[PDB]
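Colleague: This is the structure I have questions about; it appears just below.
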Amino acid sequence: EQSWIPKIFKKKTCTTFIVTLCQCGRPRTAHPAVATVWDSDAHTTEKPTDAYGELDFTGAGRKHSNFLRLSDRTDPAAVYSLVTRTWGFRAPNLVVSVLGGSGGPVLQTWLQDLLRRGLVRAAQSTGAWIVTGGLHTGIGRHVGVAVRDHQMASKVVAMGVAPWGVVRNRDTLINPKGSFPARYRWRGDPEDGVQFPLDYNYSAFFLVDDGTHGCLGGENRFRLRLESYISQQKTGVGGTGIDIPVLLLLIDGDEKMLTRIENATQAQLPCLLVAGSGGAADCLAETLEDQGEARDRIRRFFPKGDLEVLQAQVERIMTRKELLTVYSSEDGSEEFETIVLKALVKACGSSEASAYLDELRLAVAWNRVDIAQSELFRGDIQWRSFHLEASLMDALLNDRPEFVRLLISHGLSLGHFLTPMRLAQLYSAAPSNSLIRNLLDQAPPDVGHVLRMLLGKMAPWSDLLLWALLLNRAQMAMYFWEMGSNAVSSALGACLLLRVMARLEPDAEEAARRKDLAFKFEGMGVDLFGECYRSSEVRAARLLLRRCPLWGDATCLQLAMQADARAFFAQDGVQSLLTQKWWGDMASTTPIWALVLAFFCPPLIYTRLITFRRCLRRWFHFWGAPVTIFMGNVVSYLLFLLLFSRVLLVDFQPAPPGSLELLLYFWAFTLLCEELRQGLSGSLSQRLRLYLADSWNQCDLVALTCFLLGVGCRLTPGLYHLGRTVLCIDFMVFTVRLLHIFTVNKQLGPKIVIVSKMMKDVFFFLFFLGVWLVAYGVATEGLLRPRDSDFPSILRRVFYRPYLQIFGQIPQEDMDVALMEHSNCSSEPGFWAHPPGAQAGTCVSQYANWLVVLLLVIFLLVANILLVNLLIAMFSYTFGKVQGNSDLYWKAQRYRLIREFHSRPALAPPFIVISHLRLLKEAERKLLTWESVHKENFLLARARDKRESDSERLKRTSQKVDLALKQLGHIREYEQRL
Ligand SMILES: [Ca+2]
Ligand SMILES: [Ca+2]
């Protein structure tokens, strides 16, 4: 498809002769026979192009480097079309052209670092093009190597523009019929100051033909024209795209470089200068910062310094200083994205809202939100709605919280923005093999199924909040919550979901971040609800908490319980509401002793002792209050245990059951019926699973099952003893279950949790102790060689006896031989002793008995001190862990207890049979608006506090005084002029 390249582009030949040696440098011997001052084009003959094609550098390389030779006087439009379409290079999001001779093949280390870090990182983030001299020397070589390094670290493309005539091995690049393959010898031994080797890091090269055999500056005009054309081009899609930004980076130079800068500025293309680069660059920087003649002579070599044409050039540059921008090193800042944006914004001026999109996209690609707000969203420009859609999508995909907040702030309609496709893309933005990615793959967004799987399945803002939580983007999730619908319910649901995912996550550090985010959400919800309660107790308490939202169709309290958000239960409003429920219709301030006394004197309730026809109302109010039900159940449970113990210890006989035993059976059946009612009324499978999820219910089921098995066994003629044994164990289970009632008390509440946690430590210590006991017991048993050797006896002497030794029961008479009477026990050789213990073996060997005593000493030490105190240290650590939060645990237990007893029959178990037989909108809008108003007040107060923080004051005063210093310089210059 290259049959037309010669047709459009052309090559230039010296043709005419202008004087041994001529201007063009071609030897007089080799010159056209057709032949004052050399003419760039008049003394030149145009010919079809002949050096087009692709390069494949020998050795390491990409085997593809589009190289084209074209005439200097070529329209940039055709070149741009060729590059964009034929060669497949996508339209750049940015173009940077580097300038400056950079004298010396090796450049300053600071300059090299600044270039390779700042410029190349900016290009990588934005995916830009870089245009430099396609020469493997100095700044061009440095740019090429840095670009290649960042490509390997990965898109950035490097473009070469070098004169045709300073490139070595030109003849290797001449083919009229096509040069798709090509070998370029870029490491030739000979070296000359005229010809230079092409770099091998550039994806494409441009060789301007000026009809000369070697010179410099033959590409300045073409390069400037191409840059200007780029500056006036859209990023594809014809005019539907947006302007492609461009700027020129200057690093040192000479008078010719200064002229190049002046031409570029007259072309209205931004230029950036680096301080300390050297001549032609530092001089302009100093001029911008600000004797002028002295500096011109100082910062530039003596030649041309006297020439006032340099002064005129400097004045011309100053005339259009709006485009030039200096690079503040700032002690190796190596950060200038903000500088690029500042130059781009100050170089536009006119505000049409259609040419500022590219700067916005660049700002999104970077994290210069402050710059964009200061200029792009300063209000001068009229930002539309559709304008910001793409920028918002990009910011969301790249996790730009501040930027997305800014974009939404300035008149962006989320409702008209979010689309099923958009949400699908947002979810597809999951990071590589992330947990959310795994869940989505295992499970259109298809998000309902994953949520139902996690939680249990038993307005764009909500969707965005869910997405942020799933992808674990803290700032964006916080922002989305800040402008949601159901603030408190959303906060609790987010805490629940985050904790579930964290406990499910394998990262072990991502889980830490999720837990931290959950804590932040819980804190925000707690603060918001505290303010809501302070404003109006009745509204908040009654309606906000005890309401089923859309999040999971479960009251806020249920969400808090599932999330274990104890801090939520720990606040004033929740506890006041819980106490009010716990005391039912009675006054919450009634003394406990008053209630207890009234419990045993039912007539007494009709006096002033208890504070709340009237008689029946009062009676039902007293006996229906959940606290009274709790006291009655406690009394009945204690009586049940007493009856159980009585039967078990006295009235249990092989004979058929007696009256008391039948009463116990009826009582146990009643308890079973009550537990069945709890399970069946607290979606049948879902309710059953919820009921079984509570540890106390599991204990109740175990106890009742053991009781049933015991009754069945005893009733059988030949299983009386087994029945009695299992009943004893069942009684133990019931007595342990009795602990549930201690949760009502603050002091005894957390102790249950402490014991439950210490059980795990006991388990692990059991592992350790089992190992040590096996070791020591087997060793001792082998040493003693007792003659009983019966397997149960061996297990006794191996495990049981040392275990008691841990607790001070040391049977010396059964181990020491000095304490036993010697006897001729067995025919086996050696001496034997006869221990007095019943289960110590008939007679033990006394061969090496001192070793047995030594083992006893070591075991006593290790077990009785080291291991026991290791376990005790674990206990102390556990206790301390759940001691600083004792109140929180107690509050959570308070809620669980109140919920349990709020929905229980008013009668105690033994009589509860009759109760069981008896068993057999705009308001929400207003409430949510009130909640949202208080949320806004809370956020505003928090932001006000943040603004008054010391760091914020320091930042604000620093920026303000920077503005003051700028204004002071401005007024000083004004006074100087006048
Ligand atoms: Ca622009
Ligand atoms: Ca229960």
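Going through the structure tokens in order, the chains are called A, B, and so on, while each chain numbers its residues from 1 and the ligands are numbered from 1 in the order shown.
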Please produce, as CSV, a per-residue contact table for chain A versus ligand 2 (criterion: any atom at most 9 Å away, only C-alpha atoms and all ligand atoms considered), showing the nearest atom pair and its distance in Å to one decimal, sorted by chain then residue number.

Modeller:
residue,atom,partner,partner_atom_place_in_ligand_line,distance
A:674,CA,ligand 2,1 (Ca),7.9
A:675,CA,ligand 2,1 (Ca),5.5
A:676,CA,ligand 2,1 (Ca),8.8
A:678,CA,ligand 2,1 (Ca),6.6
A:679,CA,ligand 2,1 (Ca),8.0
A:691,CA,ligand 2,1 (Ca),8.4
A:694,CA,ligand 2,1 (Ca),8.3
A:695,CA,ligand 2,1 (Ca),8.9
A:696,CA,ligand 2,1 (Ca),5.9
A:697,CA,ligand 2,1 (Ca),4.4
A:698,CA,ligand 2,1 (Ca),8.0
A:699,CA,ligand 2,1 (Ca),8.2
A:700,CA,ligand 2,1 (Ca),6.0
A:701,CA,ligand 2,1 (Ca),8.3
A:900,CA,ligand 2,1 (Ca),8.1

Colleague: Next, write the just-selected residues to a file, as a tab-separated table (two decimals), in the first residue's frame, keeping N, CA and C atoms as the atom set.

Modeller:
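Output (selection-v5.tsv):
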chain	number	residue	atom	x	y	z
A	674	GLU	N	-41.57	-24.68	74.01
A	674	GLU	CA	-41.16	-23.28	73.95
A	674	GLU	C	-40.04	-23.08	72.95
A	675	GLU	N	-39.05	-23.97	72.96
A	675	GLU	CA	-37.95	-23.83	72.02
A	675	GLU	C	-38.43	-24.00	70.59
A	676	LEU	N	-39.36	-24.93	70.37
A	676	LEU	CA	-39.92	-25.10	69.03
A	676	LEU	C	-40.65	-23.84	68.59
A	678	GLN	N	-39.97	-20.79	69.57
A	678	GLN	CA	-38.94	-19.81	69.26
A	678	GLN	C	-38.37	-20.05	67.87
A	679	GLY	N	-38.06	-21.31	67.55
A	679	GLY	CA	-37.49	-21.60	66.25
A	679	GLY	C	-38.45	-21.35	65.11
A	691	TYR	N	-32.72	-19.31	63.65
A	691	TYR	CA	-32.84	-19.79	65.02
A	691	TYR	C	-31.62	-20.61	65.42
A	694	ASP	N	-27.99	-19.09	66.74
A	694	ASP	CA	-27.72	-18.54	68.07
A	694	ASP	C	-27.16	-19.63	68.97
A	695	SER	N	-26.04	-19.34	69.63
A	695	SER	CA	-25.37	-20.36	70.42
A	695	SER	C	-26.27	-20.88	71.53
A	696	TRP	N	-27.01	-19.98	72.18
A	696	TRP	CA	-27.88	-20.42	73.27
A	696	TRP	C	-28.93	-21.40	72.77
A	697	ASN	N	-29.47	-21.17	71.58
A	697	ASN	CA	-30.44	-22.11	71.02
A	697	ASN	C	-29.79	-23.46	70.76
A	698	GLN	N	-28.54	-23.47	70.29
A	698	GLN	CA	-27.84	-24.73	70.11
A	698	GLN	C	-27.68	-25.46	71.43
A	699	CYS	N	-27.33	-24.73	72.49
A	699	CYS	CA	-27.22	-25.36	73.80
A	699	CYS	C	-28.55	-25.93	74.26
A	700	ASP	N	-29.64	-25.19	74.04
A	700	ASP	CA	-30.96	-25.68	74.41
A	700	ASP	C	-31.29	-26.96	73.67
A	701	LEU	N	-31.01	-26.99	72.37
A	701	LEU	CA	-31.30	-28.19	71.58
A	701	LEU	C	-30.49	-29.38	72.07
A	900	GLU	N	-34.61	-11.18	72.91
A	900	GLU	CA	-35.09	-12.52	73.20
A	900	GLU	C	-36.34	-12.48	74.06

Colleague: Where does DSSP see alpha helix (DSSP H) in region 868-932 of chain A, if you list the residues as a PyMOL selection string?

Modeller: chain A and resi 868-881+886-902+912-919+922-932

Colleague: Output C-alpha atoms for every residue in the selection just made, as an mmCIF file, in the first residue's frame.

Modeller:
data_model
loop_
_atom_site.group_PDB
_atom_site.id
_atom_site.type_symbol
_atom_site.label_atom_id
_atom_site.label_comp_id
_atom_site.auth_asym_id
_atom_site.auth_seq_id
_atom_site.Cartn_x
_atom_site.Cartn_y
_atom_site.Cartn_z
ATOM 1 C CA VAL A 868 0.543 -23.640 83.085
ATOM 2 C CA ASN A 869 1.818 -20.065 83.123
ATOM 3 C CA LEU A 870 1.914 -20.004 79.326
ATOM 4 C CA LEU A 871 -1.780 -20.829 79.442
ATOM 5 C CA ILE A 872 -2.325 -18.222 82.148
ATOM 6 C CA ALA A 873 -0.523 -15.617 80.050
ATOM 7 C CA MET A 874 -2.865 -16.429 77.181
ATOM 8 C CA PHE A 875 -5.790 -15.995 79.576
ATOM 9 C CA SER A 876 -4.446 -12.650 80.776
ATOM 10 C CA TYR A 877 -3.995 -11.416 77.221
ATOM 11 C CA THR A 878 -7.530 -12.476 76.294
ATOM 12 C CA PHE A 879 -8.960 -10.834 79.404
ATOM 13 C CA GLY A 880 -7.148 -7.573 78.773
ATOM 14 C CA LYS A 881 -8.291 -7.591 75.161
ATOM 15 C CA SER A 886 -16.293 -4.365 78.591
ATOM 16 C CA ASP A 887 -19.090 -1.829 78.241
ATOM 17 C CA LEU A 888 -19.504 -2.452 74.513
ATOM 18 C CA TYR A 889 -19.826 -6.200 74.990
ATOM 19 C CA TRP A 890 -22.322 -5.707 77.789
ATOM 20 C CA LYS A 891 -24.443 -3.367 75.675
ATOM 21 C CA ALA A 892 -24.557 -5.870 72.828
ATOM 22 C CA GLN A 893 -25.558 -8.612 75.260
ATOM 23 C CA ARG A 894 -28.221 -6.297 76.671
ATOM 24 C CA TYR A 895 -29.718 -5.905 73.219
ATOM 25 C CA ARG A 896 -29.684 -9.639 72.574
ATOM 26 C CA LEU A 897 -31.377 -10.368 75.898
ATOM 27 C CA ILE A 898 -34.039 -7.700 75.408
ATOM 28 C CA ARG A 899 -34.814 -8.962 71.918
ATOM 29 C CA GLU A 900 -35.089 -12.519 73.202
ATOM 30 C CA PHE A 901 -37.465 -11.685 76.040
ATOM 31 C CA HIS A 902 -39.544 -9.078 74.202
ATOM 32 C CA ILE A 912 -46.416 -21.742 79.667
ATOM 33 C CA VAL A 913 -48.534 -24.537 78.184
ATOM 34 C CA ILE A 914 -51.711 -22.482 78.537
ATOM 35 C CA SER A 915 -49.974 -19.538 76.884
ATOM 36 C CA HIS A 916 -48.902 -21.775 74.003
ATOM 37 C CA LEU A 917 -52.492 -22.951 73.619
ATOM 38 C CA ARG A 918 -53.631 -19.327 73.566
ATOM 39 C CA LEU A 919 -51.157 -18.830 70.728
ATOM 40 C CA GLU A 922 -45.480 10.131 53.450
ATOM 41 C CA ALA A 923 -44.361 9.500 57.032
ATOM 42 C CA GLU A 924 -41.312 7.610 55.779
ATOM 43 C CA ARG A 925 -40.599 10.415 53.312
ATOM 44 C CA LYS A 926 -40.670 12.988 56.104
ATOM 45 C CA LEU A 927 -38.509 10.829 58.355
ATOM 46 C CA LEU A 928 -35.880 10.319 55.665
ATOM 47 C CA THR A 929 -35.841 14.025 54.835
ATOM 48 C CA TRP A 930 -35.286 14.833 58.507
ATOM 49 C CA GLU A 931 -32.472 12.287 58.691
ATOM 50 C CA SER A 932 -30.861 13.736 55.572
#

Colleague: Select the residues contacting ligand 1 at a distance of at most 8 Å, based on only C-alpha atoms and all ligand atoms, then format the selection as a PDB file with C-alpha atoms, in the first residue's frame.

Modeller:
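Final output, saved to part-v1.pdb:
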ATOM      1  CA  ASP A 243      -8.056  19.277  20.537  1.00  0.00           C
ATOM      2  CA  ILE A 244      -4.792  17.435  21.186  1.00  0.00           C
ATOM      3  CA  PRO A 245      -2.622  19.491  23.573  1.00  0.00           C
ATOM      4  CA  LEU A 344      -1.823  24.687  29.100  1.00  0.00           C
ATOM      5  CA  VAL A 345      -4.505  26.653  30.935  1.00  0.00           C
ATOM      6  CA  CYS A 348      -5.696  29.137  26.129  1.00  0.00           C
ATOM      7  CA  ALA A 355     -11.542  23.235  23.749  1.00  0.00           C
ATOM      8  CA  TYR A 356     -10.911  22.723  27.479  1.00  0.00           C
ATOM      9  CA  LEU A 357     -11.910  19.047  27.512  1.00  0.00           C
ATOM     10  CA  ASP A 358      -8.375  17.862  26.760  1.00  0.00           C
ATOM     11  CA  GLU A 359      -6.912  19.675  29.766  1.00  0.00           C
TER      12      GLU A 359
END

Colleague: Work out how far CA of residue 404 (chain A) is from CA of residue 483 (chain A), in Å to one decimal.

Modeller: 13.2 Å

Colleague: Which of these, A:199, A:411, A:817, A:394, has the shortest distance to residue 379 (chain A) once you count only C-alpha atoms?

Modeller: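 Selected residue with least distance to residue 379 (chain A): A:411.
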
Colleague: Counting only C-alpha atoms, which residue out of A:301, A:742, A:640, A:800 sits closest to residue 840 (chain A)?

Modeller: A:800

Colleague: Give me the residues near residue 728 (chain A) as JSON, numbers by chain, where near means some atom within 12 Å (using only C-alpha atoms) and where sequence neighbours in that chain fewer than 6 positions away do not count.

Modeller: {"A": [641, 644, 645, 646, 647, 648, 649, 652, 703, 706, 707, 709, 710, 711, 721, 722, 734, 735]}

Colleague: Excluding region 12-20 of chain A and its own-chain neighbours fewer than 5 positions away, which residues fall within 12 Å of it when counting only C-alpha atoms? Please give them as a PyMOL selection string.

Modeller: chain A and resi 25-51+69-74+163-165+207-214

Colleague: Save the residues we just selected, N, CA and C atoms, as a short mmCIF file (atom, residue, chain, number, x, y, z; two decimals), in the first residue's frame?

Modeller:
data_model
loop_
_atom_site.label_atom_id
_atom_site.label_comp_id
_atom_site.auth_asym_id
_atom_site.auth_seq_id
_atom_site.Cartn_x
_atom_site.Cartn_y
_atom_site.Cartn_z
N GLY A 25 27.75 21.13 0.52
CA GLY A 25 28.73 20.19 1.02
C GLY A 25 29.08 19.07 0.06
N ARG A 26 28.38 18.96 -1.06
CA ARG A 26 28.70 17.92 -2.02
C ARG A 26 30.01 18.27 -2.73
N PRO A 27 30.93 17.31 -2.89
CA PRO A 27 32.19 17.63 -3.55
C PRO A 27 31.96 18.10 -4.98
N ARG A 28 32.83 19.01 -5.43
CA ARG A 28 32.71 19.54 -6.78
C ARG A 28 32.74 18.42 -7.82
N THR A 29 33.51 17.36 -7.55
CA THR A 29 33.57 16.25 -8.49
C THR A 29 32.20 15.59 -8.66
N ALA A 30 31.50 15.35 -7.56
CA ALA A 30 30.18 14.72 -7.59
C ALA A 30 29.14 15.83 -7.46
N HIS A 31 28.67 16.32 -8.60
CA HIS A 31 27.65 17.35 -8.63
C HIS A 31 26.97 17.30 -9.98
N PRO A 32 25.67 17.60 -10.06
CA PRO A 32 25.00 17.55 -11.36
C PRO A 32 25.67 18.47 -12.37
N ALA A 33 25.75 17.99 -13.61
CA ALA A 33 26.37 18.76 -14.68
C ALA A 33 25.49 19.91 -15.17
N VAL A 34 24.23 19.97 -14.73
CA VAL A 34 23.36 21.06 -15.16
C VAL A 34 23.91 22.40 -14.71
N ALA A 35 24.49 22.45 -13.52
CA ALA A 35 25.06 23.68 -12.99
C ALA A 35 26.24 24.12 -13.85
N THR A 36 25.92 32.56 -6.14
CA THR A 36 25.88 33.68 -5.22
C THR A 36 25.58 33.21 -3.80
N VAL A 37 24.31 32.93 -3.53
CA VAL A 37 23.87 32.45 -2.22
C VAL A 37 23.00 31.22 -2.44
N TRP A 38 23.24 30.18 -1.64
CA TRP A 38 22.48 28.95 -1.79
C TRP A 38 21.00 29.19 -1.50
N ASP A 39 20.15 28.55 -2.29
CA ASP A 39 18.70 28.68 -2.18
C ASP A 39 18.12 27.39 -1.62
N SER A 40 17.25 27.51 -0.62
CA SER A 40 16.68 26.33 0.02
C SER A 40 15.86 25.51 -0.97
N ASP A 41 15.06 26.17 -1.80
CA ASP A 41 14.21 25.49 -2.77
C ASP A 41 14.46 25.92 -4.21
N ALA A 42 14.80 27.19 -4.45
CA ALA A 42 15.01 27.65 -5.81
C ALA A 42 16.16 26.89 -6.47
N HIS A 43 17.24 26.65 -5.74
CA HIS A 43 18.39 25.90 -6.24
C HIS A 43 18.27 24.41 -5.97
N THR A 44 17.04 23.90 -5.85
CA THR A 44 16.80 22.51 -5.52
C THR A 44 15.84 21.91 -6.54
N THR A 45 16.05 20.64 -6.87
CA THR A 45 15.20 19.90 -7.78
C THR A 45 14.41 18.86 -7.00
N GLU A 46 13.10 18.82 -7.22
CA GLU A 46 12.23 17.88 -6.53
C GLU A 46 12.18 16.56 -7.29
N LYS A 47 12.26 15.47 -6.55
CA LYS A 47 12.22 14.13 -7.11
C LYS A 47 11.33 13.26 -6.23
N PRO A 48 10.81 12.16 -6.77
CA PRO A 48 9.98 11.27 -5.96
C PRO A 48 10.76 10.71 -4.78
N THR A 49 10.04 10.48 -3.68
CA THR A 49 10.67 9.89 -2.50
C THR A 49 11.14 8.48 -2.80
N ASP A 50 12.25 8.08 -2.18
CA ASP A 50 12.84 6.79 -2.46
C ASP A 50 13.39 6.07 -1.23
N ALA A 51 13.24 6.62 -0.03
CA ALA A 51 13.81 6.04 1.18
C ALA A 51 12.75 5.66 2.21
N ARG A 69 11.49 9.31 4.55
CA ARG A 69 12.27 10.45 4.09
C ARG A 69 11.35 11.36 3.28
N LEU A 70 11.29 12.63 3.65
CA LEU A 70 10.37 13.56 3.02
C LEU A 70 11.04 14.92 2.87
N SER A 71 10.54 15.69 1.90
CA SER A 71 11.07 17.01 1.64
C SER A 71 10.77 17.95 2.80
N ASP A 72 11.67 18.92 3.00
CA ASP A 72 11.50 19.87 4.09
C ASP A 72 10.21 20.67 3.92
N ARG A 73 9.93 21.12 2.70
CA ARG A 73 8.72 21.88 2.41
C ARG A 73 7.57 20.92 2.12
N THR A 74 7.06 20.32 3.20
CA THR A 74 5.95 19.38 3.13
C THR A 74 4.86 19.80 4.09
N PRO A 163 17.57 15.63 10.28
CA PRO A 163 17.89 15.94 8.89
C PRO A 163 18.38 14.72 8.14
N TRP A 164 18.00 14.62 6.88
CA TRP A 164 18.52 13.57 6.01
C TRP A 164 19.87 14.02 5.47
N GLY A 165 20.94 13.41 5.98
CA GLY A 165 22.28 13.84 5.62
C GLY A 165 23.24 13.74 6.79
N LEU A 207 12.75 11.83 8.33
CA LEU A 207 14.00 12.33 7.77
C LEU A 207 13.67 13.43 6.78
N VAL A 208 13.85 14.67 7.19
CA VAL A 208 13.60 15.81 6.31
C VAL A 208 14.78 15.94 5.35
N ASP A 209 14.48 16.02 4.06
CA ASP A 209 15.49 16.15 3.02
C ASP A 209 15.54 17.61 2.60
N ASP A 210 16.66 18.28 2.89
CA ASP A 210 16.88 19.66 2.48
C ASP A 210 17.89 19.77 1.35
N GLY A 211 18.20 18.66 0.69
CA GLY A 211 19.17 18.69 -0.39
C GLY A 211 20.56 19.08 0.06
N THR A 212 21.00 18.56 1.21
CA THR A 212 22.33 18.83 1.73
C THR A 212 22.95 17.52 2.19
N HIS A 213 24.28 17.48 2.17
CA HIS A 213 25.03 16.30 2.59
C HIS A 213 25.45 16.36 4.05
N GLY A 214 24.73 17.13 4.87
CA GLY A 214 25.02 17.21 6.29
C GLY A 214 25.00 18.63 6.81
#

Colleague: Residues near region 525-535 of chain A, anyone? I mean within 12 Å using only C-alpha atoms, not counting same-chain ones fewer than 3 positions away, as a PyMOL selection string.

Modeller: chain A and resi 478+481-482+486-495+518-522+538-545+556+560+565-577+927-942
